[PDB]
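Quick setup: one chain, the form deposited in one PDB entry, written in structure tokens, and binding and motion questions come after.
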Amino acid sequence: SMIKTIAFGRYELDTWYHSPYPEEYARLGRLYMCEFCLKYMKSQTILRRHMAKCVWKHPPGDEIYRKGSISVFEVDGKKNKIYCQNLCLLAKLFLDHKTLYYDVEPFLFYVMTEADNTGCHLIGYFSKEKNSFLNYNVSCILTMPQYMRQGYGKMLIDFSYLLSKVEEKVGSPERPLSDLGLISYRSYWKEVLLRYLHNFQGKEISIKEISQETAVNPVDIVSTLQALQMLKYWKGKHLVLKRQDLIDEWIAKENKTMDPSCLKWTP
């Protein structure tokens, strides 16, 4: 029941965690997947036959973002059950804490792709509850291993907060995050308020106004302000310490940025 590798597009990937693929498939230790419809197969011969006839060239759902070669597709788990189940089983090979794979109907899946000389390739995704009463704007979030640590994850995170902004909600990723996902959110949260603070020249700020603009949860903002040693306390008032050390170090960084004007989507 342990899968060791998968064949995905032009990549062969070592898998990290158990995923409940049907035991008829799991016991072979290796899976061959169509990179477009996410069907999993037993042999590369079967895969080759499938790609020769597979009609899919991109995720289902509606393309709700496009800038250059980057797309985001909104996939309703109730309307594309099989695709989303295959997506969740694939994700479980690389996420330890994901627990839902088959009951995809409560979820929306936001799938990010890159178009290139071969095709329109899966970069990663995040799932999202259609009704989160705990204000999670992300359930699970992942980049494929061949695109990790290359700025794509930051785009995915930014897109999740872009949706929250349009919804006029504040949100947070559901916990526990993967190791890399927590590392990525902390770095993204730091960059976000450095841009806010660089673009802001009032002299007093509430957590609320930062949260309202960025859609970042107040808890995440304060812990980031403490992580950056910018949250100080003198007499009876809490202060924010503008380290231009950081706004300049951040200013030296720059494409892999989401363009809000390229979003065609309403709640």
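Superpose the two forms; the largest set of C-alphas matching within 1.5 Å is the rigid core. Numbers for residues come from their place in the sequence shown, where the first is 1.
The deposited sequence places 4 to 9 unmodelled residues between residue 254 and residue 255.
Higher mean CA temperature factor, per the PDB entry, when comparing 34 to 42 with 203 to 211: 203 to 211. Between the stretches 239 to 247 and 17 to 25, it is 239 to 247 that shows the larger average CA temperature factor. Among 228, 64, 70, 54, the highest C-alpha B-factor recorded in the PDB entry belongs to 228. Listed residues 122, 84, 197, 134 were ranked by CA B-factor as deposited; 197 comes out on top. In the deposited entry, the Cα temperature factor of residue 116 places it in the highest third of its chain's modelled residues.
What follows is about the form deposited in another entry, which we do not show.
With the core held fixed, residue 131 shows a CA shift below 2 Å between this form and the one not shown. A displacement of 2 angstroms or greater separates the C-alpha positions of residue 118 between this form and the one not shown, with the rigid core held in common.
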